[PDB]
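Worksheet for the structure shown next.
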Amino acid sequence: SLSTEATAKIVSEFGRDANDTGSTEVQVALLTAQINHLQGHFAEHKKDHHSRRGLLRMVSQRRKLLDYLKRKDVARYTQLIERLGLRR
Amino acid sequence: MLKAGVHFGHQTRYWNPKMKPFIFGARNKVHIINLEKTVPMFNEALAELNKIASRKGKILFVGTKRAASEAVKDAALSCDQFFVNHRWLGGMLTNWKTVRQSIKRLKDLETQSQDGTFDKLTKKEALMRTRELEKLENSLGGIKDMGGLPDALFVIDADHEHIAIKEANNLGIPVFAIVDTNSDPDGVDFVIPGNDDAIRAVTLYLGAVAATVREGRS
Amino acid sequence: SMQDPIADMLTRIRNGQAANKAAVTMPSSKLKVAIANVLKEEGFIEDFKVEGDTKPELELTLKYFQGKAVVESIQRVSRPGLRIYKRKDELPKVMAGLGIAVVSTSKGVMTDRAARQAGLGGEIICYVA
RNA sequence: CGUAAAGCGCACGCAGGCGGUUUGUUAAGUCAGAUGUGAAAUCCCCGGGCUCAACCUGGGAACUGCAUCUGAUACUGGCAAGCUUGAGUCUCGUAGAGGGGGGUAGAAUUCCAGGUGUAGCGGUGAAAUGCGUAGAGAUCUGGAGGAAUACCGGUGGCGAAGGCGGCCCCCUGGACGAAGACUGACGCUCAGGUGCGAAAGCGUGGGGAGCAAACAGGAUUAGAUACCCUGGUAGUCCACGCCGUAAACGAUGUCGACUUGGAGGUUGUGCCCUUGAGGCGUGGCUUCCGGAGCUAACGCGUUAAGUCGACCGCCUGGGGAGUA
Ligand SMILES: [Mg+2]
Ligand SMILES: [Mg+2]
Ligand SMILES: [Mg+2]
Ligand SMILES: [Mg+2]
Ligand SMILES: [Mg+2]
Ligand SMILES: [Mg+2]
Ligand SMILES: [Mg+2]
Ligand SMILES: [Mg+2]
Ligand SMILES: [Mg+2]
Ligand SMILES: [Mg+2]
Ligand SMILES: [Mg+2]
Ligand SMILES: [Mg+2]
Ligand SMILES: [Mg+2]
Ligand SMILES: [Mg+2]
Ligand SMILES: [Mg+2]
Ligand SMILES: [Mg+2]
Ligand SMILES: [Mg+2]
Ligand SMILES: [Mg+2]
Ligand SMILES: [Mg+2]
Ligand SMILES: [Mg+2]
Ligand SMILES: [Mg+2]
Ligand SMILES: [Mg+2]
């Protein structure tokens with residue numbers, strides 16, 4: 001799916017350390033990176049419906065995590081969306 | 001008492017889950033019966049059989065497999081109890097009144113041979129009907145003088161003789177059976193786990209039972 | 001998803017009784033222990049115990065009388081989809097009082113007879129016969 | 001609600017419904033008591049009076065409700081802090097016709113050109129139409145083009161369903177296993193809605209070998225607008241868009257827990273290891289037979305149509321009619 005080097009970079013950037021992978025920010029950041037990457041894939045492969053279904057799951061999963069984070073702590077949620085530049 | 005043999009069972013493929021409590025383990029792919037559990041049940045069974053014997057009760061042995069067909073007959077000679085050595089006719093107890101006339105026919109057939117009134121020139125009178133003697137006694141030989149339903153049942157195989165078990169349950173006669181790993185329990189009021197086909201195992205059972213009835217009968 | 005753990009507790013007992021199992025085990029909770037305690041006093045279950053601290057497991061020692069299940073019939077009454085509350089005078093009696101109904105009152109979980117004597121209503125948990 | 005009427009073709013999901021476990025707190029729901037109110041009559045209970053009754057009438061109960069006040073805190077809800085078993089992320093691997101794009105290979109049908117060669121070929125129950133002395137069929141050589149991937153191949157595999165088989169490359173989704181770490185209820189279901197959805201069909205532009213609706217002829221038959229035969233167009237193929245229906249079937253909605261067994265297939269993994277085309281374990285998926293139980297019966301049976309929980313869909317005699 002995503003390269004290990006790219007995955008490791010995001011975890012350190014958004015997580016507490018290189019070992020904090022379960023954080024809601026790392027999870028959202030990982031999903032956001034994949035969705036952005038797949039934009040080029042579906043730009044050319046418009047008919048790849050089977051792979052698109054997988055993409056929609058990432059979109060749905062990200063929204064579920066985002067809403068949970070907003071409920072838990074609004075201030076931290078606001079920073080996360082600002083850094084990733086989503087929710088437009 | 002506990003001794004060699006008997007512990008052996010059948011293949012684990014054909015085991016009956018209902019008998020899980022009485023299996024000690026799976027040795028060499030064949031279940032082996034828990035003798036330490038068999039003895040308390042086996043020993044108590046003879047105690048009850050002795051108690052029924054003390055009441056002048058009638059015990060009936062049920063053995064159909066050829067590995068024990070002759071064995072049950074020998075017990076019927078050591079003690080004066082009844083037995084079945086061949087196929088169990090469907091309904092030997094549920095409709096014993098129907099089977100009564102069959103017994104009477106055997107008595108009349110038996111009588112004719114004794115005094116020689118069957119010695120006639122015609123082959124029909126001499127050969128065709130006398131063969132009914134062999135056919136009848138091989139199935140009703142041990143039940144000729146029962147004169148009624150039995151007060152207890154002894155069965156060497158709880159699945160191969162499931163017809164016999166059903167009749168006893170319907171009539172309420174207590175059932176004592178050697179129920180094997182693959183056999184079906186819950187149809188017998190007394191459970192005696194162990195082998196049901198080994199020659200050295202079967203002979204021990206009826207040989208053991210044949211003694212207690214004699215002691216109880218006195 | 002498991003949305004009503006109580007019916008899981010009742011279902012396990014019913015399934016365990018049908019299968020003639022000696023005992024049944026499941027995740028433990030304060031509410032489950034309270035119901036388990038009530039059953040123990042009434043004599044429906046022989047004994048109960050709780051093992052573990054971080055993930056405690058509740059263990060119920062089922063009992064049988066004359067080779068048949070003691071719990072003839074157990075069924076959930078109040079459910080998350082439809083919850084049942086009864087007043088002091090509306091407390092039901094199972095099998096004309098032969099059975100018991102577990103009711104959670106302000107003073108704790110107790111049988112309907114105890115709640116009626118104490119003059120308190122509350123949620124009706126289940127009927128046990 | 002498998003087969004009698006009844007599970008959307010399948011999914012993702014807002015509103016809604018419901019929600020693991022621990023402590024504290026709130027006391028809304030809930031529960032206890034009291035107060036006010038709930039007209040009288042009527043119903044009901046115990047009495048009274050018309051000679052009895054109907055009828056009349058005293059008292060009580062009832063009016064299951066609503067509102068307040070005072071308490072209770074088990075349960076549900078709100079709030080705060082938690083927790084790891086639900087769910088999810090990360091690390092290392094494995095299998096697979098999962099999807100999209102491109103390239104390529106072999107067998108073969110048809111067609112075209114040529115060589116050899118001569119009277120049949122083809123087809124059927126029989127026959128004819130048809131093809132052939134303008135040289136067919138057969139046979140060899142060369143070329144052109146289209147479509148599908150023999151053997152492997154398997155109640156085998158993958159996918160939400162529909163569905164997906166030569167080989168190679170690029171892009172890409174999901175599942176599963178091993179231990180370890182991390183987040184700490186972030187979950188389940190889903191009206192409306194949105195997406196996907198065999199084949200046929202439609203629009204535009206290509207392609208078109210084979211097959212083949214329609215159509216034509218020859219047979220069959222009392223007739224044959226059929227079955228059979230010789231031909232043959234759309235279509236079947238590609239790009240894009242539309243259509244949104246199937247016996248879209250397991251005639252069985254999704255999620256979770258629980259409940260005797262036996263024999264296989266397939267794909268990970270641990271352990272014993274010299275007495276290996278071995279021995280004992282632990283996961284995922286899957287086929288068959290069967291116990292209790294269930295079912296009108298047939299049958300289902302740990303992949304339930306058994307025992308339960310959450311939510312949604314749908315049914316209410318047949319026809320008229322899934323029609324106006
Ligand atoms: Mg992933
Ligand atoms: Mg029908
Ligand atoms: Mg139907
Ligand atoms: Mg869904
Ligand atoms: Mg809760
Ligand atoms: Mg309140
Ligand atoms: Mg009134
Ligand atoms: Mg009067
Ligand atoms: Mg009155
Ligand atoms: Mg609370
Ligand atoms: Mg909708
Ligand atoms: Mg089509
Ligand atoms: Mg077209
Ligand atoms: Mg066209
Ligand atoms: Mg044709
Ligand atoms: Mg339909
Ligand atoms: Mg089918
Ligand atoms: Mg349907
Ligand atoms: Mg369906
Ligand atoms: Mg079956
Ligand atoms: Mg219509
Ligand atoms: Mg239609």
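Chain labels A, B, ... are given in the sequence in which chains occur in the structure tokens; within each chain residues are numbered consecutively from 1, and ligands are likewise numbered from 1 in the order shown.
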Residue hits in chain C, query chain D, radius 9 Å, only C-alpha atoms (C1' of nucleotides), as a VMD selection string | chain C and resid 1 to 8 10 to 12 14 to 16 18 to 19 27 to 29 31 54 to 55 75 to 76 79 to 81 83 85 to 88 103 to 109 119 to 123
Let me have all residues with an atom within 9 Å of ligand 13, counting only C-alpha atoms (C1' of nucleotides) and all ligand atoms, laid out as a list in words.
->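 So, counting only C-alpha atoms (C1' of nucleotides) and all ligand atoms, the residues near ligand 13 are residues 201, 202, 203 and 235 of chain D.
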Would you put the residues from that selection into a file with N, CA, C and O atoms (P, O5', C5', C4', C3', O3' and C1' of nucleotides), as a PDB file, in the first residue's frame?
ATOM      1  P     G D 201     -28.952  -7.552 -28.025  1.00  0.00           P
ATOM      2  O5'   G D 201     -29.686  -6.225 -27.542  1.00  0.00           O
ATOM      3  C5'   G D 201     -31.101  -6.124 -27.579  1.00  0.00           C
ATOM      4  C4'   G D 201     -31.587  -4.845 -26.947  1.00  0.00           C
ATOM      5  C3'   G D 201     -30.962  -3.560 -27.457  1.00  0.00           C
ATOM      6  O3'   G D 201     -31.513  -3.134 -28.690  1.00  0.00           O
ATOM      7  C1'   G D 201     -31.052  -3.516 -25.096  1.00  0.00           C
ATOM      8  P     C D 202     -30.619  -2.300 -29.730  1.00  0.00           P
ATOM      9  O5'   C D 202     -30.537  -0.851 -29.080  1.00  0.00           O
ATOM     10  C5'   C D 202     -31.715  -0.106 -28.817  1.00  0.00           C
ATOM     11  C4'   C D 202     -31.400   1.198 -28.134  1.00  0.00           C
ATOM     12  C3'   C D 202     -30.298   2.026 -28.768  1.00  0.00           C
ATOM     13  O3'   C D 202     -30.741   2.760 -29.896  1.00  0.00           O
ATOM     14  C1'   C D 202     -29.950   1.920 -26.440  1.00  0.00           C
ATOM     15  P     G D 203     -29.730   3.056 -31.105  1.00  0.00           P
ATOM     16  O5'   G D 203     -28.812   4.227 -30.547  1.00  0.00           O
ATOM     17  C5'   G D 203     -29.390   5.437 -30.083  1.00  0.00           C
ATOM     18  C4'   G D 203     -28.340   6.405 -29.610  1.00  0.00           C
ATOM     19  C3'   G D 203     -27.087   6.496 -30.463  1.00  0.00           C
ATOM     20  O3'   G D 203     -27.263   7.291 -31.619  1.00  0.00           O
ATOM     21  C1'   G D 203     -26.478   6.343 -28.190  1.00  0.00           C
ATOM     22  P     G D 235     -24.887  -4.070 -34.073  1.00  0.00           P
ATOM     23  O5'   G D 235     -24.949  -5.174 -32.927  1.00  0.00           O
ATOM     24  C5'   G D 235     -25.896  -5.088 -31.873  1.00  0.00           C
ATOM     25  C4'   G D 235     -26.051  -6.413 -31.172  1.00  0.00           C
ATOM     26  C3'   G D 235     -24.799  -6.960 -30.504  1.00  0.00           C
ATOM     27  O3'   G D 235     -24.586  -6.421 -29.210  1.00  0.00           O
ATOM     28  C1'   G D 235     -25.788  -8.651 -31.822  1.00  0.00           C
TER      29        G D 235
END
Any idea what's packed within 12 Å of residue 25 (chain B), counting only C-alpha atoms (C1' of nucleotides), ignoring anything in its chain fewer than 6 positions away? Could you give it as a list in words?
->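 Close residues of residue 25 (chain B): residues 7, 8, 9, 10, 11, 12, 15, 19, 31, 32, 33, 34, 35 and 181 of chain B.
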Within-10 Å residues of ligand 22, basis only C-alpha atoms (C1' of nucleotides) and all ligand atoms, as a list in words |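 After applying the 10 Å limit, what remains is residues 245, 246 and 322 of chain D.
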Compute the set of chain D residues within 6 Å of chain A, using only C-alpha atoms (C1' of nucleotides), and express it as a PDB file with N, CA and C atoms (P, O5', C5', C4', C3', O3' and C1' of nucleotides), in the first residue's frame.
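Contents of selection.pdb, freshly written:
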ATOM      1  P     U D  89      -6.571  -0.693  10.278  1.00  0.00           P
ATOM      2  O5'   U D  89      -5.318   0.059  10.909  1.00  0.00           O
ATOM      3  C5'   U D  89      -5.108   1.443  10.667  1.00  0.00           C
ATOM      4  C4'   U D  89      -3.866   1.946  11.358  1.00  0.00           C
ATOM      5  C3'   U D  89      -2.575   1.214  11.033  1.00  0.00           C
ATOM      6  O3'   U D  89      -2.004   1.617   9.801  1.00  0.00           O
ATOM      7  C1'   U D  89      -2.743   1.499  13.367  1.00  0.00           C
ATOM      8  P     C D  90      -1.142   0.574   8.937  1.00  0.00           P
ATOM      9  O5'   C D  90       0.194   0.392   9.784  1.00  0.00           O
ATOM     10  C5'   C D  90       1.009   1.509  10.099  1.00  0.00           C
ATOM     11  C4'   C D  90       2.134   1.131  11.027  1.00  0.00           C
ATOM     12  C3'   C D  90       2.983  -0.054  10.597  1.00  0.00           C
ATOM     13  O3'   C D  90       3.951   0.289   9.621  1.00  0.00           O
ATOM     14  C1'   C D  90       2.415  -0.280  12.876  1.00  0.00           C
ATOM     15  P     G D  99     -10.385  -9.726 -11.566  1.00  0.00           P
ATOM     16  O5'   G D  99     -10.352  -8.138 -11.480  1.00  0.00           O
ATOM     17  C5'   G D  99     -11.522  -7.403 -11.158  1.00  0.00           C
ATOM     18  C4'   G D  99     -11.210  -5.945 -10.934  1.00  0.00           C
ATOM     19  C3'   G D  99     -10.551  -5.224 -12.097  1.00  0.00           C
ATOM     20  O3'   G D  99     -11.482  -4.799 -13.079  1.00  0.00           O
ATOM     21  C1'   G D  99      -9.365  -4.750 -10.115  1.00  0.00           C
ATOM     22  P     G D 100     -11.101  -4.860 -14.636  1.00  0.00           P
ATOM     23  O5'   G D 100     -10.152  -3.600 -14.845  1.00  0.00           O
ATOM     24  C5'   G D 100     -10.644  -2.283 -14.643  1.00  0.00           C
ATOM     25  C4'   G D 100      -9.537  -1.264 -14.712  1.00  0.00           C
ATOM     26  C3'   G D 100      -8.649  -1.324 -15.943  1.00  0.00           C
ATOM     27  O3'   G D 100      -9.223  -0.713 -17.084  1.00  0.00           O
ATOM     28  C1'   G D 100      -7.297  -1.172 -14.025  1.00  0.00           C
ATOM     29  P     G D 173      -3.332   0.044  -2.584  1.00  0.00           P
ATOM     30  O5'   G D 173      -4.724  -0.721  -2.479  1.00  0.00           O
ATOM     31  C5'   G D 173      -5.946  -0.001  -2.484  1.00  0.00           C
ATOM     32  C4'   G D 173      -7.134  -0.926  -2.437  1.00  0.00           C
ATOM     33  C3'   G D 173      -7.150  -1.934  -1.303  1.00  0.00           C
ATOM     34  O3'   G D 173      -7.574  -1.386  -0.067  1.00  0.00           O
ATOM     35  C1'   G D 173      -7.663  -3.035  -3.316  1.00  0.00           C
ATOM     36  P     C D 182       3.241  -0.188  24.434  1.00  0.00           P
ATOM     37  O5'   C D 182       2.387   0.723  23.446  1.00  0.00           O
ATOM     38  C5'   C D 182       2.944   1.901  22.883  1.00  0.00           C
ATOM     39  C4'   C D 182       2.130   2.402  21.717  1.00  0.00           C
ATOM     40  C3'   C D 182       0.700   2.812  22.024  1.00  0.00           C
ATOM     41  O3'   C D 182       0.606   4.105  22.595  1.00  0.00           O
ATOM     42  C1'   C D 182       0.729   1.460  20.090  1.00  0.00           C
ATOM     43  P     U D 183      -0.491   4.412  23.728  1.00  0.00           P
ATOM     44  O5'   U D 183      -1.821   4.709  22.905  1.00  0.00           O
ATOM     45  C5'   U D 183      -1.909   5.840  22.052  1.00  0.00           C
ATOM     46  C4'   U D 183      -3.197   5.848  21.270  1.00  0.00           C
ATOM     47  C3'   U D 183      -4.476   5.760  22.087  1.00  0.00           C
ATOM     48  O3'   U D 183      -4.869   7.013  22.619  1.00  0.00           O
ATOM     49  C1'   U D 183      -4.587   4.248  20.268  1.00  0.00           C
ATOM     50  P     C D 186     -17.536   5.808  21.664  1.00  0.00           P
ATOM     51  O5'   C D 186     -16.649   6.147  20.386  1.00  0.00           O
ATOM     52  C5'   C D 186     -16.519   5.216  19.322  1.00  0.00           C
ATOM     53  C4'   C D 186     -15.421   5.613  18.369  1.00  0.00           C
ATOM     54  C3'   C D 186     -15.090   4.603  17.280  1.00  0.00           C
ATOM     55  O3'   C D 186     -15.969   4.697  16.172  1.00  0.00           O
ATOM     56  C1'   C D 186     -13.088   5.405  18.282  1.00  0.00           C
TER      57        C D 186
END
Separation of CA of residue 128 (chain C) from CA of residue 60 (chain C) in Å | 15.5 Å
Quick one: of B:125, B:18, B:100, B:5, who's nearest to chain C, counting only C-alpha atoms?
-> B:18
Suppose you want the space between CA of residue 70 (chain C) and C1' of residue 290 (chain D); what is it in Å?
->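 Those two atoms sit 29.3 Å apart.
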In Å, rounded to a single decimal, give me how far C1' of residue 232 (chain D) is from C1' of residue 199 (chain D).
->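 Rounded to one decimal, the two atoms are 23.2 Å apart.
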Please identify which residues in chain A DSSP calls alpha helix (DSSP H) from the backbone, and express them as a count of residues only.
-> 67
Please provide as a list in words all residues within 9 Å of residue 59 (chain C), with the sequence filter that same-chain residues fewer than 3 positions apart are discarded (counting only C-alpha atoms (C1' of nucleotides)).
->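 The residues satisfying every condition are residues 23, 24, 25, 26, 27, 28, 47, 48, 49, 50 and 51 of chain C.
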Extract, using only C-alpha atoms (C1' of nucleotides), all DNA, RNA and protein residues at most 7 Å from residue 157 (chain B), discarding same-chain residues fewer than 6 positions from it, and format them as a PyMOL selection string.
-> chain B and resi 177-179+196
What residues in chain B lie within 8 Å of chain D, counting only C-alpha atoms (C1' of nucleotides), written as a PyMOL selection string?
-> chain B and resi 13-14+16-18
File dump, residues just selected, N, CA, C and O atoms, as a PDB file, in the first residue's frame:
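What follows is the written file part-v7.pdb:
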ATOM      1  N   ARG B  13     -12.281 -42.701  15.190  1.00  0.00           N
ATOM      2  CA  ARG B  13     -13.226 -42.228  14.184  1.00  0.00           C
ATOM      3  C   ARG B  13     -14.661 -42.546  14.584  1.00  0.00           C
ATOM      4  O   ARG B  13     -15.564 -41.722  14.398  1.00  0.00           O
ATOM      5  N   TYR B  14     -14.890 -43.736  15.133  1.00  0.00           N
ATOM      6  CA  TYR B  14     -16.229 -44.238  15.400  1.00  0.00           C
ATOM      7  C   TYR B  14     -16.651 -44.056  16.852  1.00  0.00           C
ATOM      8  O   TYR B  14     -17.659 -44.633  17.269  1.00  0.00           O
ATOM      9  N   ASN B  16     -18.347 -42.588  20.177  1.00  0.00           N
ATOM     10  CA  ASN B  16     -19.598 -41.895  20.443  1.00  0.00           C
ATOM     11  C   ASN B  16     -19.346 -40.782  21.447  1.00  0.00           C
ATOM     12  O   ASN B  16     -18.839 -41.066  22.544  1.00  0.00           O
ATOM     13  N   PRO B  17     -19.664 -39.521  21.140  1.00  0.00           N
ATOM     14  CA  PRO B  17     -19.386 -38.450  22.110  1.00  0.00           C
ATOM     15  C   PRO B  17     -20.053 -38.661  23.457  1.00  0.00           C
ATOM     16  O   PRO B  17     -19.529 -38.196  24.476  1.00  0.00           O
ATOM     17  N   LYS B  18     -21.197 -39.350  23.496  1.00  0.00           N
ATOM     18  CA  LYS B  18     -21.894 -39.548  24.763  1.00  0.00           C
ATOM     19  C   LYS B  18     -21.038 -40.306  25.768  1.00  0.00           C
ATOM     20  O   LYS B  18     -21.235 -40.163  26.980  1.00  0.00           O
TER      21      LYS B  18
END
